[PDB]
Each structure stands twice: as C-alpha cells, then as structure tokens.
Amino acid sequence: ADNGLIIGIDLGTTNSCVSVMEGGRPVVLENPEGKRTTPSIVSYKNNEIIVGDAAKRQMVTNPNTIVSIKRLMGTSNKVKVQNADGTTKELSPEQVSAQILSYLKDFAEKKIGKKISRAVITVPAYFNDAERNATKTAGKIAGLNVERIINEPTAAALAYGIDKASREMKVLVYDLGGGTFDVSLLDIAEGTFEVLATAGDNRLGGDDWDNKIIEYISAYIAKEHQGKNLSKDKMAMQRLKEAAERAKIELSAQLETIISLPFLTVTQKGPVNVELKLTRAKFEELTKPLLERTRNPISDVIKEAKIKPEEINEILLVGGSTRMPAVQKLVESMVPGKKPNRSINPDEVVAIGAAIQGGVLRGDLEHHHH
C-alpha cells in the first residue's frame, strides 16, 4: 500500500550501490563506513551476519564468507557455512543476496530519515526469468517490494538521459566489473529500450588485473628473500590484494606507483619489508592479455546485431576498472570516432539509473527548478 520512495540498487557480483531521487536529482548514499559502494560479501558467525567492508576484511579468519553469490542466482545451488558446534547451514543465493539488500536498505533509511519498502534492482541483460525471479525474491526477503527489475546497461543509459534523445540511438555499453565483463548493444527509440545483442566473459574482471600485480609482488618477494612464498598466509595475501587494488587505482592517475608493505611477514632471518615500484607501462604489459580479451565480445555484439560499427551512436563505460587509460584506448580502437563516456562515475552509474527509474515509477515530477 506504499506510495513512498523507490530506491535504486545495483546488486553487483563484486560491489553494490544504492541511490535515490532527492529534489529532482539522483543521489548516491554512503554506507556507515563512509563508502559510496559496498562489497557484495556476506559472512557468518554464531548469531551474527556481517555484510560489506567488514566481511571482506574478516575473510582471513572466517572461512564462512560468501563471495560472488550473484553467480549462483537463479540456480538451486546452496552455499554452506559451518556453525561453531560443527553442524552445517545451507543457504540459498536468495537468502545471501537478501542480506546485502537488507544492509543497503538499513543504512539508506538512516540516511534518508524514513522507512523504505520499495526498490528497483538491476540485473545483467542476459539474466533469464529464473535469475530475475531470484533477485525479486532476495528483495522480498529483505522487506522490499521490488517494483521493477531492469537491465544494468539500460540503467546506465537512463543515467545519461539517452531515453530523451531526439532520434533513435544505438548504444554500446562496455561493463568491466570486478569479476565479469559484459558488452551490450541497446536500441533506444520513442523512449523504450531494446537489447539487440550481448556478449562477455564471466571470468574476466578488475580482480584479474589486480591479480597480476599480486603475481608481480610475489615474484619480487621470491627473488629478494630466497624463494619465500606467502601464498598460504591469508593476512599477507589480504594485504597484497589491498596493495594491488591501490596500485591499480594510482596507475589510472600517474605513470608510476610505490607498493609499500612494511612487516609483511617474519622469517628466521627477520622482518620482511616490501617496497616496490610499478610503472603504468609494466602494469599494461603484464595485463595486456586480459585487456585484449575485451576486444572479442565487442566484435561479437556488433556481428550479432547485424550492424556496422559506424551505426553505434554512443558508448557508455560501466565498472570502476574502465577508468584505466588502456581501456579507453581499446574501446576507441573498436568504435572509431566515438568518445567512451565515463563522466558519470562508472562505479555508480547503474545505481543512479535505477534511482531515476524509481522516480519514474513513483511519478515523481519534482525538478530542481521547483
């Protein structure tokens, strides 16, 4: 019976984001640790479910941490967590996904100062009915009336206002997430979106670029400390993953970065301190195979849609890793003449679009001009 706000949620494989319309503009809401996105990670302890940044950090000590649950959505697969009494609890992807949604909902309410019971949740364009219905159910479990499930590339196009275009547009969306890569071709006409073709690689994402930096640091460690290998040291590995992420981010702004890992372990010889330079050129060399794998899905969607690349009017970049300068160059190489758009934060653009759709569903005509 609610006529209230409809939040927009990007429930990603790797990270999630929540946005809402406020005074005729979409606003991205920060979680309680001040972050505009939240890891799509849930961990389990006795009488306690931990979501987001904290669950990620506690991975070192908690083997009952569930990552990438989106990959199982729409399946009858279960995940297992081990209770302290030695018994096993089976969880559905819906139940785990609901914990993520519940967390987003809870902090959004505290931000907005209002109870929230309505959402738009985004999904990949290739999701079938089972996968869509699983997402709806996760929403229902979290106490959300899921007003609409919309496609992630469609949400991105909504954020850029492409539905308002004066002519029919074909739009390419290049979506490089944390663990998956997706390409979509949309046709937008008379205000409605049609997915013409999709392609991708579900085992290619930003994490893979990070992993090359982890490998690079690990090679250096072995070379400088007589073959020393920390692959089994979970806290060391967590710090290397964190260091790799930071390095990658800095190399999107600068031509070099310093990886700094004081006191990474202690051997019989003494503390191990890593201080290591990585150039953008070397980072690009190490990861060129990953980047080149993004080329083939673009050619595939163009082929499938039966268009010439000149028929693509507009390109959207989605996913934080699209900030890498080498990604921009690749995409430009494949769609000559066109600017890869990332002026809306690619980490946030899908949730923003979902929030816009929420305002539309609510018939909210409040504008910043009023």
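Numbers given for residues start from 1 on each chain and follow the written sequence, which can depart from the numbering in the entry; residues without coordinates are excluded. Here the side-chain values reflect all heavy atoms present in the structure, with hydrogen atoms and water set aside.

A short note on unusual backbone geometry
Stated formally: Helix and strand definitions here come from DSSP, where helices need a minimum of 4 consecutive H or I residues and strands a minimum of 2 consecutive E residues; each element is numbered from the N-terminal end.
Its identity as a non-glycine residue notwithstanding, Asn47 has a phi of 60 degrees, on the positive side. At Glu190, a residue that is not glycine, the phi angle is positive and equals roughly 45 degrees. Mapping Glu190 onto the fold places it in the loop between β13 (181-189) and β14 (192-201).

Re the packing of aromatic side chains
For any pair of aromatic rings, the description consists of the separation of the ring centres together with the inter-plane angle of the planes. This is how it is decided: By convention, a stacked pair of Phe, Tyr or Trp rings (six-membered ring in the case of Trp) has centres within 6.5 Å and planes under 30 degrees apart, an edge-to-face pair has planes over 60 apart, and any other such pair is tilted. When a residue's accessible area, from a 1.4 Å probe over protein chains only, is under 20% of the maximum for its type it is buried; when over 50% it is exposed; and in between it is partly exposed.
The full count for this structure, using the stated rule, is three aromatic pairs. Measuring from ring centre to ring centre gives 5.5 Å for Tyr103 and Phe107, while their planes differ by 75 degrees; the resulting arrangement is edge-to-face. One end of the pair is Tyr103 and the other is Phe107, both in helix α2 (residues 93-112) and four residues apart, which spans about a single turn. For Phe107, a relative accessible area of 6% gives the class buried.

Some details on the environment of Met21
Note on placement: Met21 falls in strand β2 (residues 15-22). Taking the C-alpha atoms as reference points, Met21 and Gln95, 74 residues apart in sequence, are found 27 Å from one another.

With respect to the sheet that holds strand β6 (residues 48-51)
For sheets, the rule is that strands pair by backbone hydrogen bonds, running either parallel or antiparallel. Using the following cut-off: We call two strands paired when DSSP finds no fewer than two bridges between them. Think of each axis as a best-fit line through the C-alpha atoms, taken over the contacting stretch in the case of a helix, with angles from 0 to 180 degrees between the N-to-C directions. Two residues qualify as a contact provided that any one of their heavy atoms is within 4.5 Å of a heavy atom in the partner residue.
Read from one edge of the open sheet, three strands run β6-β5-β7, paired in antiparallel fashion. The open sheet has two edge strands, β6 and β7 (65-67), and neither has a second partner. Geometrically, the sheet is characterised by an average inter-axis angle of 20 degrees between neighbouring strands, direction not taken into account. Across four bridges, the pairing between strand β5 (residues 41-45) and β6 is antiparallel. From the neighbouring strand, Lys45 faces β6, where its bridge partner is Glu48. Of the strands in this sheet, β5, β6 and β7 touch α2, which is tilted by about 105 degrees from β5.

A few points about the domain arrangement of the chain
Our working rule: The domain boundaries here were taken from an automatic or database domain assignment. Buried area is a sum: the accessible area each of two parts loses on coming together, probed at 1.4 Å, counted once for each and added. Between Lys or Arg on one side and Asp or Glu on the other, a salt bridge is scored when a side-chain nitrogen of the former is within 4 Å of a carboxyl oxygen of the latter. As used in this structure description, the phrase polar contact means that two N or O atoms lie within 3.5 Å; if the pair is within protein, one of them must be able to donate a hydrogen and the other to accept it, and residues adjacent in sequence are counted only when both atoms belong to side chains.
By domain assignment, the chain separates into domain 1 (1-165 + 345-370) and domain 2 (166-344). Distance between the C-alpha centres of domain 1 and domain 2: 23 Å. At the interface, 28 residues of domain 1 touch 35 residues of domain 2. The contact between domain 1 and domain 2 buries some 2600 Å² in all, and 60% of this surface belongs to carbon and sulfur atoms. Per-residue buried area on domain 1 facing domain 2 is highest for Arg71, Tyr160 and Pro346; these three make up 26% of the total on that side. Remark: the boundary between domain 1 and domain 2 carries two salt bridges. Measuring nitrogen to oxygen at the nearest pair gives 3.7 Å for the salt bridge that ties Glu245 to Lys56. Joining domain 1 to domain 2, the criterion identifies 13 residue pairs in polar contact.

Some details on helix α6 (residues 234-251)
Three or four residues apart is the spacing at which side chains of an α-helix point the same way, because the helix has 3.6 residues per turn. Counted only if it meets this: The span expected for a helix works out to 1.5 Å for each residue beyond the first.
Taking 1.5 Å of rise per residue, 18 residues should cover 26 Å, and α6 covers 26 Å from first to last C-alpha, within 8% of that figure. Those residues of α6 not exposed but buried are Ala236, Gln238, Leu240, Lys241, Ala243, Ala244, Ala247, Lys248 and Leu251. Contacts from the buried residues of α6 go to α1 (53-57), α5 (206-224), β15 (256-267), β16 (270-279), α7 (280-292) and α9 (325-334).

Digging into the nonpolar core
Condition: Among buried residues, those of type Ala, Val, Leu, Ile, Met, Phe, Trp, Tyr and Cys that are joined through side-chain atoms within 4.5 Å constitute a nonpolar core.
Judged by nonpolar contacts, the single largest core of 45 residues is most densely connected at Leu172, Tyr174, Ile217 and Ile259. Among the elements that line this core, the one with the most residues is α6, at six residues. Aside from chain neighbours lying at most four places away, what touches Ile259 is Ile213, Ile217, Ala243, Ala247, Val274, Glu275, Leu276 and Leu278. One finds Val20, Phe107, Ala119 and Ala134 within the second-largest nonpolar core, a separate group that totals 34 residues.

Re the side chain of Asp187
With respect to the element layout, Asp187 can be found in strand β13. Judged by relative accessible area, which is 8%, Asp187 ranks as buried. Here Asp187 is in contact with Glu168, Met169, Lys170, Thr192, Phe193, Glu194 and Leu196, once residues within four sequence places are set aside.

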